[PDB]
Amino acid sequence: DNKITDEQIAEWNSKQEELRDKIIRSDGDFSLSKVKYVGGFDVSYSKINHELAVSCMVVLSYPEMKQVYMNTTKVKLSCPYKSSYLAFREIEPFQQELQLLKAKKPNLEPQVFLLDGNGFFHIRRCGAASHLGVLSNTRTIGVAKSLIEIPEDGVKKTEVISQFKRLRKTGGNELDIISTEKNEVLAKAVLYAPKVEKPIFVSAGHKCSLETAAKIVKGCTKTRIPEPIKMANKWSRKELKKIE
């Protein structure tokens, strides 16, 4: 696992700095009405055998949320998880799954992928959802289940959570997460599923505005974890446990 070095962190920072201006956070000619399928992608990994991992890509119909495509792949991960560097951990499995989907079911290719974690909501504005979106020329949305703290942007977990609870007291369900250093919205803390109090954090990935991203995440919501994410995570994990 000896991939993370000071020099590797420097290289990763550099690549992120050159990519960040390529991330598009607007819809262009894309709209919610064009979404017929939504994709998911995830990676499960073994703690017993560190090399052993399984990627999974799914496609669900929109808005019915019915799974129409699934594939898992035994993969060897190139670097461990390090916050702010998830992209370098899952870019290759993603590209491989995507290429397989395009060769197998090109007409099921989704108009947008939901990816675990952040997109624009990132210290260098280049989270994994955005990174994978730009490197594959695919529309992506970032959906994170926990909040990343960014001191350099004035984003603190306790403050965001307390602001969101104060919002809930008024009946709201969406809260803009803001960088005080750049005076911009990074993400949206949202609560769409019933019987849920813990928000999830949606950020624009690539080729999609934050607003359209949130609408798509709402349309994908049955429970707290949107369906494409739920399915990719489930099948990747199950296959990993089978071969572990």
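Residue indices: 1-based, along the sequence shown.
Q: Please work out which of 170 to 178 and 72 to 80 has the higher mean CA B-factor as recorded in the PDB entry.
A: Comparing averages over the C-alpha atoms only gives 72 to 80.
Q: Name the higher of the two by mean Cα B-factor in the PDB entry, 44 to 52 versus 59 to 67.
A: The recorded data point to 44 to 52.
Q: Whose C-alpha has the highest temperature factor in the PDB entry: 103, 148, 128, 143?
A: 103 has the highest C-alpha B-factor of those listed.
Q: Relative to the other modelled residues of the same chain, rank the CA B-factor of residue 10 and answer lowest, middle or highest third.
A: As the PDB entry reports it, the C-alpha B-factor of residue 10 lands in the highest third of its chain.
Q: Please rank the C-alpha B-factors of the chain's modelled residues and tell me whether residue 211 sits in the lowest, middle or highest third.
A: According to the entry, residue 211 has a C-alpha B-factor in the chain's middle third.
Q: Select lowest, middle or highest to describe the third in which the CA B-factor of residue 153 falls within its chain in this entry.
A: For residue 153, the deposited C-alpha B-factor lands in the middle third.
Q: Sorting by Cα B-factor within the chain, modelled residues only, which third would residue 19 end up in: lowest, middle or highest?
A: It belongs to the highest third of the chain when residues are ordered by C-alpha B-factor.
Q: Determine, from the deposited record, the chain-internal third of the Cα B-factor for residue 165: lowest, middle or highest.
A: Within its chain, residue 165 is a highest-third residue by C-alpha B-factor, going by the deposited values.
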